[PDB]
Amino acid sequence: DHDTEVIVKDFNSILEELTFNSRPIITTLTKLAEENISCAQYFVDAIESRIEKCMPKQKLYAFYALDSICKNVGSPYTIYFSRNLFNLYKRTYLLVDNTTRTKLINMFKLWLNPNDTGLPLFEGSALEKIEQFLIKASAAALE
C-alpha cells in the first residue's frame, strides 16, 4: 500500500535520528504509533531492528522509544514487543556499558508497575526471564 509505505518510511526516518534521549522524537514516534495502529507490526520491527543494529548508547534510546509506546499507547504494542523482549533486553544488556545497564535496570523496574497500575507492562513470562537474568548478572536482588 502507498500510505502504509509512506508512514513506515517516515517512522524509520525519524527513528534514525534517535541518537540521544530526544523527548520530541520519542514523543513523536509514540504519537505515530497511536495514530497508525494498522502499521503496528512495522513499527515494532523497526524498533527491534534499531535496538539490534545501532551501537551501545543508542540502543538505550531505542528502548526508551519502545518503553514510551508501550506505556502510553499500550496494546497491541505491549503484546507484540513481549515476544522478543527478553532476548532483546538480555542481548542489549550484554553489549552496553555499566551506566547504561543501571538505566536498563530502572526501566525494567518500572515495567513491573507501569504508571502505578499494579499490572506488569508485558507478558509475565518475559519479565520473569529478565529478572532471572538480572539476578545472574548481580544486577537484581535475591542474588
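The first residue of the shown sequence is 1; numbering continues from there.
- Stretches 87-95 and 54-62 differ in mean C-alpha B factor, with the higher average recorded for 54-62.
- Relative to its counterpart among 21-29 and 115-123, 115-123 has the higher mean temperature factor, C-alpha atoms as listed in the PDB entry.
- Ranked within its chain, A139 lands in the lowest third, by CA B factor from the PDB record.
- The deposited CA B-factor of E48 belongs to the middle third of values across its chain.
- Among the modelled residues of its chain, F81 has a C-alpha B-factor that falls in the lowest third according to the deposited record.
- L110: CA B factor in the middle third of modelled residues in this chain (values from the PDB entry).
- Ranked by C-alpha B-factor against the other modelled residues of its chain, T100 falls in the lowest third.
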